[PDB]
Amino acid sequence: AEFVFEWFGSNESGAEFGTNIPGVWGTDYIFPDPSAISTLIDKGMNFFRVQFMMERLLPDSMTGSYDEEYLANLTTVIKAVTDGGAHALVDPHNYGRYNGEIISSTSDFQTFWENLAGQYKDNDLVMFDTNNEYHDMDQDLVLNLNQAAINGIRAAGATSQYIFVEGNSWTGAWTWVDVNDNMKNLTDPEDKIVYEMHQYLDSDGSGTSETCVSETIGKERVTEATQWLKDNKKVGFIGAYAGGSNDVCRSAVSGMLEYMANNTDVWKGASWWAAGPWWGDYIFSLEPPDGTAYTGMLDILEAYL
């Protein structure tokens, strides 16, 4: 299934770690390792979703000036990915909030996105993710923030790049149709929107346990979203998923991917949660060559790599 999915890869986390803002590099946070990214590219990945924290990039206000050193470090990783011939999805890993408050100014968010898209507008292998996992916020506001981002990105002259939109309820696939129906209203002049949903396989869907509910839970939790995408003539992507390195989860992951792979009219691929250099013994670490999921799950992913 080499050419079944358009994009298949991994999240690259570390720059959003910690609670200290701005914090300090090497203590509170770290950027992804280009070597470890190279190794995943060598295994066949062609997509990396790169996390960063808005308040580190923009320490004063969201329409204010950059921390140019944090930005340069982000750009180094983006260039490693795209020089590698992979797509780099830029992920402000911010939960629809900035300095702990919901982003209620769609004007300010559109400007944030005009400015950031301006940094990458010439790089056709960059993609833009509006914000990670909106939750516990007004649904009209979520729609209008996603539209503000699209408006800002295109206003900047970033016209080649795909734009990954995220919904409420932590953009979960299993709750999509229940809460995010309004998101079908989003418009892009370039018609390059991708609906990004996230899915975990544990009992409460929080991704905090290594146990999966059952062998079919992954397929189960993306079925209603698949039909929504079909009915509304949209395309989607699973931007974060994981399972523990055990047999029931290996089945549930394989079954979710197999079902998506029979529905590529709507599914454009997936990105595992997560790689990056500071995960240690994390149950879902894809960081090569010793992460738990790298050694325990990569053989299920290899069909698509």
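Residue positions are given as counts along the sequence shown, with the first one as 1.
Would 153-161 or 90-98 have the larger average of its C-alpha temperature factors, as given in the entry? If you average the C-alpha B-factors of 153-161 and of 90-98, the larger mean comes out for 153-161.
On mean C-alpha B-factor from the PDB entry, just flag whether 256-264 or 25-33 is the higher one. Mean CA B-factor is higher for 25-33.
Among 54, 275, 248, 45 - the residue whose C-alpha B-factor is largest in the record: Across 54, 275, 248, 45, the entry lists the biggest C-alpha B-factor for 248.
Pick out which of 130, 182, 203, 175 has the highest C-alpha B-factor in the PDB entry. Top of the list by C-alpha B-factor: 203.
Residue 64 CA temperature factor, ranked by third within the chain: For residue 64, the deposited C-alpha B-factor lands in the highest third.
Taking only the Cα B-factors deposited for this chain, tell me whether residue 280 sits in the lowest, middle or highest third. Highest third, going by the recorded CA B-factors of the chain.
Of the three thirds of its chain by CA temperature factor, lowest, middle or highest, which one includes residue 242? CA B-factor rank for residue 242: lowest third.
Grab the CA temperature factor for residue 71 from the record and place it in the lowest, middle or highest third of its chain. Middle third of the chain for residue 71's C-alpha B-factor.
Going by the recorded CA B-factors, say which third of the chain residue 296 sits in, lowest, middle or highest. Highest third of the chain for residue 296's C-alpha B-factor.
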